[PDB]
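What follows is one chain in C-alpha cells, specifically the form deposited in one PDB entry.
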C-alpha cells in the first residue's frame, strides 16, 4: 500500500473532476440546444405568418387582374 493507497486518491480526484467537467459542459449544451429549438420554432411561426400575408396578396392581385381584364377586353 506504499503508493497504492496514494494513487487511488489521485484517481478519485480526477474522476470527480472529469465528472464535474463533463456534466457542467453537458448542462451548457442542453441549455444551448433548447434555446436553438425555441428560435427554430419561432422562426417557423414567423414564416407561416409571412406566408399567410403572401397568399392574401396573391389573391388581391388575382382580383385586380380580373378588374383590369374587364377594362381592356376587346
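Only the largest set of C-alpha atoms that superpose within 1.5 Å between the two forms is called the rigid core. Positions refer to the first chain, counted from 1.
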Q) Mean C-alpha B factor from the entry: is it higher for 11-19 or for 52-60? A) 11-19
Q.
Can you tell me whether 42-50 has a higher mean C-alpha B factor than 26-34 in this record, or the other way round?
A. 42-50
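Missing here is the form deposited in another entry; even so, the following discussion is about that form.
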Q.
Using a rigid core superposition, assess whether residue 57 undergoes a CA shift of 2 Å or more between the shown form and the other one.
A. no
(Q) Checking residue 36 here: with the core superposed, does its CA move 2 Å or more between the shown form and the other one? (A) yes
